[PDB]
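Structural description and commentary
Here are the chains, one letter per residue:
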Amino acid sequence: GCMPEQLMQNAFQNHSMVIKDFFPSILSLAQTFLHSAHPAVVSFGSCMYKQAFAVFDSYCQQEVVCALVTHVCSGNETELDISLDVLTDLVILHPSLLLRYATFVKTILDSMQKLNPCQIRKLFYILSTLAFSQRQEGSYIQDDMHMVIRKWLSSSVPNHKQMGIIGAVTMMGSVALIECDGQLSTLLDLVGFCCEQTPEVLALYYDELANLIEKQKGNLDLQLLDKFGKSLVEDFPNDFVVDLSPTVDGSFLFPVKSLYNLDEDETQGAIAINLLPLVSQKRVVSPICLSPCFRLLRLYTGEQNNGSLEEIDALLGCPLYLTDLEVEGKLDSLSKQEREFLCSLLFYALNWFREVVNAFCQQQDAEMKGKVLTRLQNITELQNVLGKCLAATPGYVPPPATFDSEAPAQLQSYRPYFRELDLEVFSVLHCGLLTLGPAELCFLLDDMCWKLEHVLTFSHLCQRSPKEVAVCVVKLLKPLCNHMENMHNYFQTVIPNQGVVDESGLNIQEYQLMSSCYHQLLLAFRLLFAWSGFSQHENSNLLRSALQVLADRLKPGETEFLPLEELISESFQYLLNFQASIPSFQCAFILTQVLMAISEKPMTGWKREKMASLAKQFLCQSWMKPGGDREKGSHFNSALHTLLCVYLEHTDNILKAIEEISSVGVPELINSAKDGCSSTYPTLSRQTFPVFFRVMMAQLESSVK
Amino acid sequence: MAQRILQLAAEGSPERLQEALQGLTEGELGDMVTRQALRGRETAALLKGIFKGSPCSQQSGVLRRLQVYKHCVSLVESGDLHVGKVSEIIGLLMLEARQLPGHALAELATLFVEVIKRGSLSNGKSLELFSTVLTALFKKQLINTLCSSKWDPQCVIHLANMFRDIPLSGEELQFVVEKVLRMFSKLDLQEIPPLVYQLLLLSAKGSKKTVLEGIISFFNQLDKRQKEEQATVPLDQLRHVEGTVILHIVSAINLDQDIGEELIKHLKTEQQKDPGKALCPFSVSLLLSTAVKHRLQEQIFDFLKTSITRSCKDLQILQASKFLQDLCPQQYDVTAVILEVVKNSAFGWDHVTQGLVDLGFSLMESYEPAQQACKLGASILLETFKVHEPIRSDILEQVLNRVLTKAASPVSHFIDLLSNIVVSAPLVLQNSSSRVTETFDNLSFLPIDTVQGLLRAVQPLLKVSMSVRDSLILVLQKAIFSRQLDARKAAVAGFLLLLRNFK
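Throughout, a per-chain count from 1 in the order the sequence is written supplies the residue numbers; the entry may number residues differently, and those without coordinates are omitted. As a convention, the first chain written is A and the first ligand written is 1, with the rest following in written order. The displayed chains are a subset of a larger assembly; all values refer to this subset. Computation of side-chain values covers all heavy atoms of the structure but excludes hydrogens and water. Residues with missing side-chain atoms are left out of burial classes, side-chain pairs and their counts.

In its metadata, the entry names cryo-EM as the structure determination method and reports 4.1 Å as the resolution.

Here is the structure:
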């Protein structure tokens, strides 16, 4: 915790002359404290190397690039990534200096026996940024690049074939902005023949066409962009999805109606059900042409358009030509043609729709809004049918989806094959109350949460910034979670008595996972509002700029209100809702942790004593748990340790209440009943009294001894 | 023939191309050598043109495919084309090449340089396609009679730079070696640089022994000859050849330089005749300029030590004899070797010859015959101060504070060495005295004898300039008013009992 990087960065700003004779020291240490396994040390040493490049003489400037390249040739894993990071930083940090060590830079090019697709993209990026600089050294880089190209392209090794395309696209996009037009044309037709019989390599060409498209803003140039795209001009409408005229029969078992057919678009068209018509029965099944290629063409529609709106309208609800799949038992007594045919069809359909929304989300036209609602509805419904087929594909429903094309019946059996959800189109702060339809909060929020904790503290997901992740979360968090929590807590608190009327059709229909959605939403509040990296010059002011809209009920005050009680009081006013109807103990530990993260900063009057209120209420929350296996006894006492230790966390170790709490174990073996040595409520249980009283004896007799 | 393939197979699947060229009959290869300066991308236009006949490497194109092959691999293999078309024809070729017929692709292609390279070569581009067809899969019998069996100027680069992707080192290393001598040696300055670099990289497979022993073996034959007959010079081009073969061994020295240690002190220093192997100039110049790095102190210091030791303590123990010292062998003097290397390294082998100044300051003191060893180390440090004029100013500063701040043993060795160094210093500090003017004050705690010799040794330099003396007088005078032990006296008299006392 001492020795901040702020210091050493200062050191370079004040220790030029006093530092200059350090030359063996900075260097000979940095590679001992810049390949060592604790995140502060590595971040420090990286500050070292980069700063070293900031301050040195000629031989110093060289000694740096040499130590780098020596790391780059032979190395370890974290040293690998650190080497590339240090590099890309140096080389995109100040271009016009970092070229003098060029030919030394190249000497890795014909020894670099190490790549992942990732680092391969990286090294290509370094070499592209260098190569577009010089003339003849960029020639010889062209020699090694055509060289690695042609040798790749002829390679029959499994990694070599895709690696070729990944760097091929990589160096091309590096081209993307002498006889470079001609050499690149030679490569152009070269890649052309090189893929023109490969479908997956197709999908490489497309998808890898995408990321370079989107991650530029004014460097992708239309006269330049026209080349690689024109054969991707009509290619989607040219062959992708076969037309819809009411007599097009042929080879099929399932009658290809407009079954599952949206028709949320207009009432006249030939953007038919192209699925059965041009994919499945189509030629051999097309893995990414129908979905990833639609992604690429919608990518050209977005970036290639720059405001495109009707180019996907002309079938904006052209509904796929899968026959109505209600006979899942009408698939029973058969399999392996309709089974796998349905599996690839469901994968493709989820693809067609999820792309229709993923490119259809952030488009802010009204009829787009209604179509997106209808799409989410069809998505949930086909997801129900697809889950029924997931059970109906017990055993073999492999990932025929686009598996990123870049590598070389349960809950998680569909984690890979799904497409990639967007980066600005997970936000619609106006999905109103249902009981935004019923499942829509659960879907858009599960897609928020399944990675929103990954960034805080999939490749198109992580390509954004977690600092930008916080920036967008601050920019768009309160306007949705505010209305959601405010309605939903009291709705679950007052509808539960309506569940007492036999209203399980309201219980398992109105909010059968409405509690689960609440518990998600609370976990999101806890993960976002407390960023682990708040402890710095940025995330502290971030947490404050989030508090400045946290104030739910009443105002925050003036132009500044530095005392946090407006914060803790917005927190008490928030806890006023779900102090009435918390849906379950699984949500109990959640309400506790979410109080404890941000509402539990200071432990004092009404707050540490409020910690007394919270622990005594957590004990006071009377038990609700049916009896089965011992699953809830894995965390329902680990959470109980936090709860009792929270009532004794706001306070000290409870050598006062722990006596009757162990006496609560004396009623706790009374029967199949909770903590009941005069209590008779939760905070205890059949098996949970034993471990819980053991932990209470821990929290008392680990200190009182 | 622009309409030709694109009208036969232009429009039509089953009988269009086969018919419109069932006998197009320009040989096998009409258009691409009927329009040499063809229509832009016609190279691949016609290439898929013929490709309408059948696949690449396919047997069915007995005249079509294989004759596109015969045309390109030779005419555009050596003559004139477009360098870019010299990429394109080979591109489309390499691409189609995966689909060959399991006999129909065996061209003159096991030693079929004897088909093309043995008499027709000089353009490198064509070499890769051999790699392509080879990778398509032994046939290397022509390789046995010729790893370069006519490689006059083009069995050095071109054959190697593809011997990378599809080479064999069992006779390919050795064959490179045997070629190196007066064929490969024909290049002046290309004899060991380019082929050496390729040689090592191709060594990356292996051949630590056979690829190690030769670089220096050839180097040492060249040296022993051009010495016993009487970048540097027409007789210093040993400078360039040394600069390459060293800097290459040093740079690639990472992973297998444990093997260079292992051999070049497991062969010569085992059968003991290493005085003619483990000590040649260009065979240890590596040993102690590829050792100023980090993993090198611990092996290089010990090697040179045990060498100086066993060498001297033998080649004296037969210097008192006749009944075993005159009807008896010769001896090559390891001391004479190291003293040679100090002579030869005046040419520029900079990071090959700072291992010396380090060798001096870290043997000629701390070494401890034993007295003979220290006596030797005087030579390395002193001579290195002798010859190569830019790199010794830091030598002297290593010395002064190696021997003006220590326990009592540091009188003799380092004291005599400082005496001889400054004494041989022809005004070596005679305008560079700025380490001293803050050395001088440190002395008021030295032993009884040391303060004298420090005064005496510096006594050469005192004759120069009042910037030495006007600061000496003060940093001593201050001692007299206070405790002022014998040191103020040794100094008062030394300035007085000296010509500096006059005026």
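**A short note on the overall build of chain B**
By definition, any uninterrupted DSSP run of H or I lasting at least four residues is a helix, any uninterrupted run of E lasting at least two residues is a strand, and each is numbered from the N terminus. What chain B contains, in helices and strands, is 24 helices and zero strands. Scaling as 2.2 N^0.38, a compact globule of 503 residues should have a C-alpha radius of gyration of about 23 Å, whereas chain B reaches 35 Å, well beyond that. In terms of principal-axis extent, the alpha carbons of chain B reach across some 120 × 60 × 35 Å. Using C-alpha atoms as the atom set, the radius of gyration is obtained and then compared with a globule rule of 2.2 Å times the number of residues to the power 0.38.

**A closer look at the overall build of chain A**
If you tally the helices and strands in chain A, you get 30 helices and zero strands. Principal-axis analysis of the C-alpha atoms places the extent of chain A at approximately 90 × 85 × 50 Å.

**Some remarks on the packing of helix 27 (residues 608–620) of chain A against helix 28 (residues 638–650) of chain A**
All names here are of chain A. Angles here are taken between N-to-C directions and fall from 0 to 180 degrees, while the axes themselves are lines fitted to C-alpha atoms, restricted in helices to the stretch in contact. Here helix 27 crosses helix 28 at 155°, and the two axes come no closer than 6 Å. One way to sum up the angle between helix 27 and helix 28 is to call them roughly antiparallel. For the element pair helix 27 and helix 28, the recorded crossing hand is left-handed. Of helix 28, the residues touching helix 27 (which contributes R608, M611, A612 and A615) are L643, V646, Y647 and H650. Partitioning the contact of helix 27 with helix 28 into residue classes produces six nonpolar, one polar and one charged. If an angle is under 35 degrees, it is roughly parallel; if it is over 145, roughly antiparallel; if it lies from 65 to 115, roughly perpendicular; otherwise it is oblique. Left-handed describes a crossing whose near helix is turned anticlockwise from the far helix through less than a right angle; right-handed describes the clockwise counterpart. Whether two residues are in contact is decided by their heavy atoms: any pair within 4.5 Å suffices. Put simply, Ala, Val, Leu, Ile, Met, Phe, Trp, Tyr, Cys and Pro go in the nonpolar bin, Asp, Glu, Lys and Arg in the charged bin, and everything else, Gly too, in the polar bin.

**Quick look at unusual backbone geometry**
All names here are of chain A. At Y260, a position not held by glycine, the phi torsion is positive, near 65°. Positive phi is not limited to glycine here, since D502 has a value of about 85°. Note on placement: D502 falls in the loop between helix 21 (478–498) and helix 22 (504–510).

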